[PDB]
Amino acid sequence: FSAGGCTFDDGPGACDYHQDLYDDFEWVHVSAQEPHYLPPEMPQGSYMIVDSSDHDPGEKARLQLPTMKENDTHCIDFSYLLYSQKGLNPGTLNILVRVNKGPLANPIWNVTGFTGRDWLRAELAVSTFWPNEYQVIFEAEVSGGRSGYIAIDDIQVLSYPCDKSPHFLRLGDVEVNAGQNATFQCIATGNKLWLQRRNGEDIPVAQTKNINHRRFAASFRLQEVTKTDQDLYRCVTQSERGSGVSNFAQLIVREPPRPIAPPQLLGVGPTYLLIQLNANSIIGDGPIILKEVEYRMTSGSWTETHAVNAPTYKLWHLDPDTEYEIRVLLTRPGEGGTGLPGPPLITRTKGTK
């Protein structure tokens, strides 16, 4: 099987597991060939432990697994327990999946409260693959008050069967123009289900379908999206048997284009205007799929709009000594891709003299 698991018989370092000294406190290695100081109900062997007695409420210890950069589907099994001699809640065991050494995001699997003196088994299935990479982090958040122990053991990276957790298919990237509604659709083989933003709030389910005996679907709707919503999003589902985690798909938000500069007059007669559009410099996003000129008489009740694919445009059979307003509209792909009218050129034709 792939590397990255650990039994802790030789300690965490032999498994390339590391702890940052700037976290509140360290996970402690429990080992055979060491004096048994723990309560006798606690399991024998070698594993990792956190003791709430030595610490204040909310202090966190984090054990960081080596980076995983695999091509084939795989899963991670681990054992955990939360124990107190008098049944207290020792805290929460959080599991974080950090992608591409970036933001940690919120936990994708957690258990809180007393479980017992026996090991419980859980499975992680993360749809993160080469060339992308991820770290699993085991986070213990302590309740305080000498409330017992949080412990983990027997980490294994497996290629089969990997059937204790649901599996997400590939989540596609989404691109929309600003102000348009966006939707992420997740498909999973195989209780709680949500869409996780890389650095932001978690989005609740809008819709769910059971599309097959083996496969179901869930939809997440983001309304009137804004350039600040541009981030990576991934689906997460959790059960007591384990969690499934999808790939971080990207939301791209595009701004409909409009020109920076107004049109300019290149030439004019009594009945014609020759105009330079100046539409090459814009605010917003390309590609420009349609460039339109609208022109109006300043007294006019109506406006004439033409598609133009040239730097210059010419208008004719105009009235002499008449003042016109000319604007350019720019269009990019998709709904809402037509921008706001550009800044106007206001000029007039020559007179009858």
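Residue numbers here begin at 1 and follow the sequence given.
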Does the chain run continuously from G190 to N191, or are deposited residues unmodelled in between? Answer none, 1 to 3, 4 to 9, or 10 or more.
4 to 9
On mean C-alpha B-factor from the PDB entry, just flag whether 92-100 or 143-151 is the higher one.
143-151
Tell me which of 239-247 and 208-216 has the higher mean C-alpha B-factor in the deposited entry.
208-216
Looking at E201, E175, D118, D77, which has the highest CA B-factor as recorded?
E201
Among the choices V308, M297, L65, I49, identify the one whose CA B-factor in the record is greatest.
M297
Assigned third (lowest, middle, highest) for the C-alpha B factor of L330
middle
Could you place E123 in the lowest, middle or highest third of its chain by Cα temperature factor, using the values in the record?
lowest
Is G5 in the lowest, middle or highest third of its chain when residues are ranked by C-alpha B-factor?
lowest
CA B-factor ranking of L345, expressed as a third of its chain
highest
Assert third(CA B-factor, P107) within chain per record equals lowest
